[PDB]
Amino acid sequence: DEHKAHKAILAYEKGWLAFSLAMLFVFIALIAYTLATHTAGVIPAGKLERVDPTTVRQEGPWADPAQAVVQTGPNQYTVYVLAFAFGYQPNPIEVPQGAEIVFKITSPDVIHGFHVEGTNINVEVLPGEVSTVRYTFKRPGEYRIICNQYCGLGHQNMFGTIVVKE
């Protein structure tokens, strides 16, 4: 007794440890799985893409909202989005279902969230940098965009819309 429960406790401590690793390794595998399918498109590109936030709406791809969407594959459309103090451009965004949408998002002021309700699209938007994320809507209709990163006093009301044409 006392010493007897010492050996026993240290034993079941290697058991539990080894079990814990193994279950953690299962997660690693299942994660590595999602990295190998379509669903990994939501992972922001890693390559730095630098823009000037003070010129973004006067020259270049984010200047004219009417130019936002641009067919870039046989089934690929890049949408230039701007997330700004207190909404989104274009509003709505308008995209076709079943196509791969390459979002390229930036901000002219501070940091914003880009969260498409109902999807895995969830990406911080940083002034000075582009957030490029890929996705394919299977279901059409109005998807709502939420800013989930506090951006100032009207943050709670910063909303957008995606309209994915059937």
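Numbers for residues come from their place in the sequence shown, where the first is 1.
Mean temperature factor over C-alpha atoms, higher-scoring stretch between 1 to 9 and 156 to 164: It is 1 to 9 that shows the higher mean C-alpha B-factor.
Which is higher in the entry, the mean Cα B factor of 27 to 35 or that of 109 to 117? The stretch with the larger mean CA B-factor is 27 to 35.
Highest Cα B-factor in the deposition, which of 125, 51, 99, 43? By C-alpha B-factor in the record, 99 ranks first.
Consider only the C-alpha atoms of the modelled residues in this chain, order them by B-factor as the entry records it, and name the third containing residue 19: lowest, middle or highest. Top third by C-alpha B-factor.
Which third, lowest, middle or highest, does the C-alpha temperature factor of residue 134 belong to within its own chain? CA B-factor rank for residue 134: middle third.
Going by the recorded CA B-factors, say which third of the chain residue 73 sits in, lowest, middle or highest. For residue 73, the deposited C-alpha B-factor lands in the highest third.
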